[PDB]
Every structure is written in structure tokens, then in C-alpha cells.
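Next comes start-v9.cif, a file with mmCIF, C-alpha atoms and all ligand atoms.
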```cif
data_final
#
loop_
_atom_site.label_atom_id
_atom_site.label_comp_id
_atom_site.auth_asym_id
_atom_site.auth_seq_id
_atom_site.Cartn_x
_atom_site.Cartn_y
_atom_site.Cartn_z
CA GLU A 17 22.11 -23.20 -23.45
CA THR A 18 19.92 -20.09 -23.23
CA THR A 19 16.57 -21.47 -24.44
CA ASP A 20 13.58 -19.54 -23.06
CA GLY A 21 12.01 -21.06 -19.96
CA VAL A 22 12.27 -21.44 -16.21
CA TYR A 23 15.39 -23.10 -14.77
CA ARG A 24 16.61 -24.52 -11.48
CA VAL A 25 19.85 -23.08 -10.07
CA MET A 26 21.87 -25.93 -8.56
CA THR A 27 25.14 -26.35 -6.71
CA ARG A 28 27.33 -29.38 -6.25
CA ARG A 29 30.73 -30.20 -4.76
CA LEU A 30 31.97 -33.81 -4.55
CA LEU A 31 28.62 -35.44 -3.64
CA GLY A 32 25.03 -34.64 -4.64
CA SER A 33 23.37 -31.48 -5.83
CA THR A 34 21.37 -28.85 -3.95
CA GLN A 35 18.78 -26.51 -5.47
CA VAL A 36 19.57 -22.99 -4.29
CA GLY A 37 17.11 -21.17 -6.54
CA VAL A 38 15.31 -20.68 -9.82
CA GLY A 39 15.44 -18.20 -12.66
CA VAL A 40 14.02 -17.10 -15.99
CA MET A 41 15.70 -17.26 -19.39
CA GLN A 42 14.19 -14.63 -21.71
CA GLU A 43 15.69 -12.93 -24.77
CA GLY A 44 19.01 -14.64 -24.15
CA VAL A 45 19.35 -13.30 -20.59
CA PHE A 46 19.11 -15.28 -17.37
CA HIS A 47 17.28 -13.54 -14.52
CA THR A 48 17.40 -14.57 -10.86
CA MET A 49 17.57 -13.12 -7.37
CA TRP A 50 20.95 -11.91 -6.19
CA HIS A 51 20.81 -13.96 -2.98
CA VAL A 52 20.57 -17.19 -5.03
CA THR A 53 23.91 -16.83 -6.84
CA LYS A 54 25.67 -13.97 -4.99
CA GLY A 55 26.59 -12.84 -8.51
CA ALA A 56 28.76 -15.87 -9.25
CA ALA A 57 29.12 -17.20 -12.78
CA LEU A 58 26.76 -19.98 -13.86
CA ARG A 59 27.40 -23.10 -15.88
CA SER A 60 24.80 -23.94 -18.51
CA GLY A 61 25.66 -27.30 -19.97
CA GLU A 62 29.17 -26.71 -21.31
CA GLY A 63 28.82 -22.91 -21.36
CA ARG A 64 29.60 -20.15 -18.88
CA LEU A 65 27.12 -17.36 -18.15
CA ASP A 66 28.67 -14.26 -16.61
CA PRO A 67 26.74 -11.75 -14.53
CA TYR A 68 25.96 -8.61 -16.49
CA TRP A 69 23.89 -6.37 -14.22
CA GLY A 70 22.91 -6.66 -10.58
CA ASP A 71 21.67 -4.72 -7.57
CA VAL A 72 21.88 -6.03 -3.99
CA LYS A 73 19.14 -3.69 -2.74
CA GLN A 74 16.66 -4.90 -5.36
CA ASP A 75 18.05 -8.42 -4.82
CA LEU A 76 18.32 -9.07 -8.57
CA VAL A 77 20.98 -10.16 -11.06
CA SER A 78 20.97 -10.75 -14.82
CA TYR A 79 23.39 -12.88 -16.87
CA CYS A 80 24.58 -12.43 -20.47
CA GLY A 81 22.84 -9.09 -20.93
CA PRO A 82 20.72 -6.40 -19.29
CA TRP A 83 17.54 -7.14 -17.37
CA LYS A 84 14.77 -7.91 -19.88
CA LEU A 85 11.65 -8.46 -17.76
CA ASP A 86 9.51 -5.33 -17.86
CA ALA A 87 5.91 -6.41 -17.24
CA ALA A 88 4.37 -4.83 -14.15
CA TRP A 89 1.67 -6.00 -11.79
CA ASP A 90 -1.43 -3.96 -12.66
CA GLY A 91 -2.13 -3.40 -8.96
CA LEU A 92 -5.52 -5.06 -9.28
CA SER A 93 -5.55 -8.56 -10.78
CA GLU A 94 -4.74 -12.03 -9.52
CA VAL A 95 -1.31 -13.41 -10.42
CA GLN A 96 0.32 -16.83 -10.59
CA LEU A 97 3.48 -17.98 -8.89
CA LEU A 98 5.15 -20.55 -11.16
CA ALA A 99 6.78 -22.25 -8.21
CA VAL A 100 9.72 -24.56 -8.95
CA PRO A 101 10.39 -26.08 -5.52
CA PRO A 102 13.40 -28.31 -4.88
CA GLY A 103 12.65 -31.85 -5.98
CA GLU A 104 9.20 -31.02 -7.40
CA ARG A 105 7.98 -30.14 -10.86
CA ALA A 106 6.89 -26.61 -11.69
CA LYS A 107 3.38 -25.75 -10.50
CA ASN A 108 1.16 -22.69 -10.90
CA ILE A 109 -0.44 -21.15 -7.81
CA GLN A 110 -2.94 -18.33 -8.31
CA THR A 111 -3.30 -15.61 -5.68
CA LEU A 112 -4.46 -12.05 -5.17
CA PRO A 113 -1.40 -10.09 -4.00
CA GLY A 114 -1.30 -8.04 -0.87
CA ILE A 115 0.84 -4.94 -0.54
CA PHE A 116 4.16 -4.00 1.03
CA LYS A 117 3.64 -0.32 1.88
CA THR A 118 7.00 1.46 1.98
CA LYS A 119 8.13 5.06 2.28
CA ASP A 120 8.91 4.89 -1.45
CA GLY A 121 5.56 3.43 -2.54
CA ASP A 122 3.57 0.23 -2.65
CA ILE A 123 4.89 -3.12 -3.91
CA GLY A 124 2.70 -6.10 -4.66
CA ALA A 125 3.40 -9.03 -2.36
CA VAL A 126 2.32 -12.69 -2.37
CA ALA A 127 1.46 -14.66 0.77
CA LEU A 128 2.76 -18.00 -0.50
CA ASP A 129 5.33 -20.07 1.40
CA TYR A 130 7.86 -22.37 -0.28
CA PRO A 131 11.36 -23.68 0.51
CA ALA A 132 14.34 -21.34 0.28
CA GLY A 133 15.48 -22.96 -2.97
CA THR A 134 12.24 -21.79 -4.65
CA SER A 135 13.80 -18.29 -4.68
CA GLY A 136 13.75 -16.81 -8.16
CA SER A 137 10.56 -18.52 -9.28
CA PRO A 138 8.63 -16.21 -11.64
CA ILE A 139 5.33 -14.52 -10.89
CA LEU A 140 3.06 -14.17 -13.92
CA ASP A 141 0.21 -12.04 -15.20
CA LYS A 142 -2.66 -13.58 -17.17
CA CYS A 143 -0.72 -13.12 -20.44
CA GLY A 144 2.11 -15.24 -19.05
CA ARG A 145 4.47 -12.29 -18.76
CA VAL A 146 6.86 -12.30 -15.81
CA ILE A 147 5.88 -9.44 -13.50
CA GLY A 148 8.57 -10.26 -10.95
CA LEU A 149 10.49 -12.91 -9.07
CA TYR A 150 9.56 -14.63 -5.80
CA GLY A 151 11.71 -14.86 -2.72
CA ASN A 152 12.68 -11.55 -1.09
CA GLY A 153 10.21 -11.04 1.71
CA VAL A 154 9.30 -10.97 5.37
CA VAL A 155 8.11 -13.37 8.05
CA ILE A 156 4.91 -12.25 9.78
CA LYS A 157 3.85 -12.85 13.39
CA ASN A 158 2.51 -16.40 12.92
CA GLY A 159 5.69 -17.53 11.14
CA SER A 160 4.24 -17.52 7.63
CA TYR A 161 5.85 -15.74 4.73
CA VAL A 162 5.09 -12.90 2.35
CA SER A 163 7.27 -12.25 -0.72
CA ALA A 164 7.58 -9.02 -2.62
CA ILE A 165 6.83 -9.23 -6.32
CA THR A 166 10.36 -8.09 -7.20
CA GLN A 167 10.80 -6.62 -10.69
CA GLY A 168 13.82 -4.94 -12.25
CA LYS A 169 14.05 -2.05 -14.69
CA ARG A 170 14.52 -2.73 -18.40
CA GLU A 171 16.63 0.19 -19.62
CA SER B 48 35.33 -24.49 -6.31
CA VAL B 49 31.55 -24.89 -6.22
CA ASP B 50 29.87 -25.90 -9.49
CA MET B 51 26.82 -23.61 -9.72
CA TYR B 52 24.79 -24.58 -12.79
CA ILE B 53 21.32 -24.28 -14.29
CA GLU B 54 18.91 -26.86 -15.65
CA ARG B 55 15.69 -26.30 -17.53
CA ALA B 56 12.56 -26.93 -15.51
CA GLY B 57 9.65 -25.94 -17.70
CA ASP B 58 7.83 -23.51 -19.92
CA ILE B 59 6.53 -20.23 -18.55
CA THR B 60 2.75 -20.44 -19.07
CA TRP B 61 -0.31 -19.20 -17.18
CA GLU B 62 -2.50 -22.11 -16.10
CA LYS B 63 -6.21 -21.74 -16.81
CA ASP B 64 -8.60 -22.81 -14.04
CA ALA B 65 -5.82 -22.68 -11.47
CA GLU B 66 -5.78 -23.34 -7.74
CA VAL B 67 -6.28 -19.86 -6.23
CA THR B 68 -5.23 -19.34 -2.65
CA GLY B 69 -3.43 -17.30 -0.01
CA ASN B 70 -4.52 -14.06 1.57
CA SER B 71 -3.71 -10.45 0.58
CA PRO B 72 -1.89 -8.90 3.53
CA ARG B 73 -1.48 -5.16 3.89
CA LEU B 74 1.92 -4.73 5.55
CA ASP B 75 4.03 -1.70 6.47
CA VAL B 76 7.64 -2.55 5.61
CA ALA B 77 11.07 -0.98 5.31
CA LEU B 78 13.78 -1.92 2.82
CA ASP B 79 17.39 -1.44 3.88
CA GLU B 80 20.44 -0.87 1.68
CA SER B 81 21.31 -4.59 1.85
CA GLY B 82 18.01 -5.46 0.16
CA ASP B 83 16.39 -6.77 3.34
CA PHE B 84 12.73 -6.12 4.08
CA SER B 85 11.53 -5.75 7.67
CA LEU B 86 8.19 -5.09 9.32
CA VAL B 87 7.58 -1.56 10.64
CA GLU B 88 6.29 -2.07 14.18
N1 LIG A 201 10.13 -18.53 6.93
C1 LIG A 201 9.19 -18.97 6.10
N2 LIG A 201 7.94 -19.24 6.64
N3 LIG A 201 9.36 -19.15 4.78
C2 LIG A 201 10.63 -18.99 4.09
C3 LIG A 201 10.37 -18.89 2.58
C4 LIG A 201 11.62 -18.61 1.76
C5 LIG A 201 11.29 -18.34 0.30
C6 LIG A 201 12.51 -17.99 -0.54
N4 LIG A 201 13.23 -16.83 -0.01
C7 LIG A 201 14.27 -16.96 0.81
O1 LIG A 201 14.77 -18.05 1.10
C8 LIG A 201 14.81 -15.66 1.43
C9 LIG A 201 16.35 -15.67 1.48
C10 LIG A 201 16.91 -14.36 1.98
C11 LIG A 201 17.29 -14.19 3.30
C12 LIG A 201 17.87 -13.00 3.72
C13 LIG A 201 18.09 -11.98 2.82
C14 LIG A 201 17.71 -12.12 1.49
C15 LIG A 201 18.07 -11.08 0.45
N5 LIG A 201 17.47 -9.78 0.68
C16 LIG A 201 17.10 -13.31 1.09
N6 LIG A 201 14.26 -15.49 2.77
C17 LIG A 201 13.39 -14.53 3.09
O2 LIG A 201 12.88 -13.76 2.27
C18 LIG A 201 13.01 -14.45 4.57
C19 LIG A 201 12.88 -13.00 5.03
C20 LIG A 201 14.14 -12.19 4.89
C21 LIG A 201 14.15 -10.95 5.79
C22 LIG A 201 15.48 -10.24 5.75
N7 LIG A 201 16.55 -10.97 6.47
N8 LIG A 201 13.87 -15.22 5.46
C23 LIG A 201 13.38 -16.28 6.12
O3 LIG A 201 12.24 -16.71 5.93
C24 LIG A 201 14.31 -16.89 7.15
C25 LIG A 201 13.62 -17.84 8.10
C26 LIG A 201 13.01 -17.37 9.25
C27 LIG A 201 12.37 -18.24 10.12
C28 LIG A 201 12.32 -19.59 9.83
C29 LIG A 201 12.91 -20.09 8.67
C30 LIG A 201 13.56 -19.20 7.82
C31 LIG A 201 12.86 -21.55 8.33
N9 LIG A 201 12.23 -21.78 7.04
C32 LIG A 201 12.84 -22.37 6.02
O4 LIG A 201 13.97 -22.86 6.11
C33 LIG A 201 12.05 -22.45 4.73
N10 LIG A 201 11.16 -21.33 4.56
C34 LIG A 201 11.64 -20.10 4.39
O5 LIG A 201 12.84 -19.86 4.45
#
```

Step by step, read the file and then write its structure as C-alpha cells.
Amino acid sequence: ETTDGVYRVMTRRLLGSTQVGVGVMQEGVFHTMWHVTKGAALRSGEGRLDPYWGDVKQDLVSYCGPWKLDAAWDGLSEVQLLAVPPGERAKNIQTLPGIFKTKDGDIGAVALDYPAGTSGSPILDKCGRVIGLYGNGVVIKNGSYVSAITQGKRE
Amino acid sequence: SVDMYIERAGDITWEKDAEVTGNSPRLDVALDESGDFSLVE
């Protein structure tokens, strides 16, 4: 129920399902963006995953244990979004990040535009390590999208 | 209540010889205490 990999986050009531996001299972912990689950518990098969750590400002939440993803964008190299869009199989998109310049420093950012339910898809370095999650971003003047490469702290 | 659940969707693997794309924008942004980014204009 916690096998390593990328997962869709789905909701259903009485009718069909909706994909609200995506996340990463690593080292027994499930990692997604806070806005996907709002910190609610997750079903995994017959099991229940409870939120362990989260932070609204970083827009991140981990389940079953503390945040495990610690790889960082090197500030130089191309990256891959492993996009898991609603209704489509996972696909890798390579890009050279831009930069969100903030008063607290620079954050890598990817100019790649996918449906809202792609939120939580992992962004990878060339070793396949997850350097952050896709889906907290901004809309620029022409209506296109730029996502921060959002990474947590592994304590 | 709403059934929020997960389902496996793949292995996490860098793809060699991948489609490379998108630009590299240099944006001035602010981050508020609700986790929302906005453009500084
Ligand atoms: N608008 C374009 N071109 N592309 C986006 C791509 C979305 C990728 C996944 N991320 C999200 O859904 C988050 C949710 C979200 C929303 C609010 C707060 C948080 C948590 N801090 C998270 N979202 C975003 O970051 C952005 C910027 C957020 C700025 C702070 N509030 N929010 C939007 O894009 C809204 C939007 C604006 C204009 C048109 C459309 C949607 C219509 N597009 C779609 O209906 C599918 N595409 C789209 O929605």
C-alpha cells in the first residue's frame, strides 16, 4: 500500500472519480501538495494514510512519516517533470527552469502547463531524484503558467 | 464523506533522449502566508 512510485490522488462520491492531484511514495511516506488533499486522510487500497507533517505556506504535506525528499535543483541543469495528467499515462517533459526571484531568495520554476489535477507531479534531476513537486505557481500576462519547483525540508 | 484515495501510476525514472521544451522565465514574485505566489508588478 506504500510501494515506491508516483500515484494519482482521486476523489469519488456516489458516481465517478476525479483526479485532484498526484504524489510520490518514497521510504514509506507519501508526499503531495497541500492544496491537493487539504491535509485529509488518504485511502490506499484497504489502508488509511494519515497526514504527518504539513505546511500551508510551502503548500506541502507528507503522510505516514516526515518529509523524505531532499534532493535540490542544482540551479544550472535541465530537469524533467514526470507529469501524471488526469486520464493520461505518466510522461516525462524535459525543461530548463526559470527562476522565481523572491525577497527570500531564488526558486527554480518550470514553464509547463498542465491541468489542475496534475498538481503534485514530481520534478526530477538526471539521477531520477525528486527535486520538488509541480503545481504551486503563477499565471503570467499571456495566460500561461509557471510552477515553482517546490521542495520540503528533510529534518 | 468524500473517498479520497491513491492509485499507483508509474515508476519514477528519468527518460533519456527526452522531449525538451518550455522557456526559462525570470520572474519577480511574492509568496504570502497562505502559500500563494503572485507577480510583483
Ligand atoms: N492557468 C493555467 N494556464 N494553468 C493552470 C495550471 C495548474 C497546474 C496545477 N496547479 C494548480 O492547479 C494550482 C492550484 C492552486 C490554486 C490556488 C492556490 C494554491 C495553493 N497555494 C494552489 N493553481 C495555480 O498554481 C495557479 C496560480 C495560483 C496563484 C495563487 N492563487 N492558479 C491558476 O492557474 C488558476 C487559473 C487562472 C486562470 C485560468 C485558469 C485557472 C483555468 N485553467 C485551468 O483550469 C487549468 N490550468 C490551470 O489551472

How would you write, as a ChimeraX atom specification, the set of residues no farther than 8 Å from ligand LIG 201 (chain A) when counting only C-alpha atoms and all ligand atoms?
-> /A:50-52,72-75,129-136,150-155,159-163 /B:81-85

Residues of chain A within 7 Å of chain B, only C-alpha atoms counted, as a PyMOL selection string = chain A and resi 21-29+58-60+72-75+106+108-118+127-128+140+142-144+153-154

Selection export as a compact mmCIF listing (two decimals), in the coordinates of the input, atoms kept: C-alpha atoms:
```txt
# COMPACT_ATOMS: atom_id res chain seq x y z
CA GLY A 21 12.01 -21.06 -19.96
CA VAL A 22 12.27 -21.44 -16.21
CA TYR A 23 15.39 -23.10 -14.77
CA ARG A 24 16.61 -24.52 -11.48
CA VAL A 25 19.85 -23.08 -10.07
CA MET A 26 21.87 -25.93 -8.56
CA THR A 27 25.14 -26.35 -6.71
CA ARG A 28 27.33 -29.38 -6.25
CA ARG A 29 30.73 -30.20 -4.76
CA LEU A 58 26.76 -19.98 -13.86
CA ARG A 59 27.40 -23.10 -15.88
CA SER A 60 24.80 -23.94 -18.51
CA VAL A 72 21.88 -6.03 -3.99
CA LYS A 73 19.14 -3.69 -2.74
CA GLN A 74 16.66 -4.90 -5.36
CA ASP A 75 18.05 -8.42 -4.82
CA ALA A 106 6.89 -26.61 -11.69
CA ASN A 108 1.16 -22.69 -10.90
CA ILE A 109 -0.44 -21.15 -7.81
CA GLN A 110 -2.94 -18.33 -8.31
CA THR A 111 -3.30 -15.61 -5.68
CA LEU A 112 -4.46 -12.05 -5.17
CA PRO A 113 -1.40 -10.09 -4.00
CA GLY A 114 -1.30 -8.04 -0.87
CA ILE A 115 0.84 -4.94 -0.54
CA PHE A 116 4.16 -4.00 1.03
CA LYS A 117 3.64 -0.32 1.88
CA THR A 118 7.00 1.46 1.98
CA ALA A 127 1.46 -14.66 0.77
CA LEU A 128 2.76 -18.00 -0.50
CA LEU A 140 3.06 -14.17 -13.92
CA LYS A 142 -2.66 -13.58 -17.17
CA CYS A 143 -0.72 -13.12 -20.44
CA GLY A 144 2.11 -15.24 -19.05
CA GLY A 153 10.21 -11.04 1.71
CA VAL A 154 9.30 -10.97 5.37
```

Could you pull the residues within 8 Å of residue A:48, counting all atoms listed in the file, minus those fewer than 3 positions along the same chain, as a ChimeraX atom specification?
-> /A:37-40,52-53,76-78,136,149

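One distance worth recording is that between atom CA of residue A:61 and atom CA of residue A:35, which is 16.1 Å.
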
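Proximity of A:36, A:56, A:65, A:71 to residue A:100, computed with only C-alpha atoms, is greatest for A:36.
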
Just how far from atom CA of residue A:122 is atom CA of residue A:158, in Å to one decimal?
-> 22.8 Å

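Interatomic distance, atom CA of residue A:145 to atom CA of residue A:98: 11.2 Å.
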
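Of the listed residues A:120, A:101, A:88, A:126, the one whose atoms come nearest to residue A:141 is A:88, with distances taken using all atoms listed in the file.
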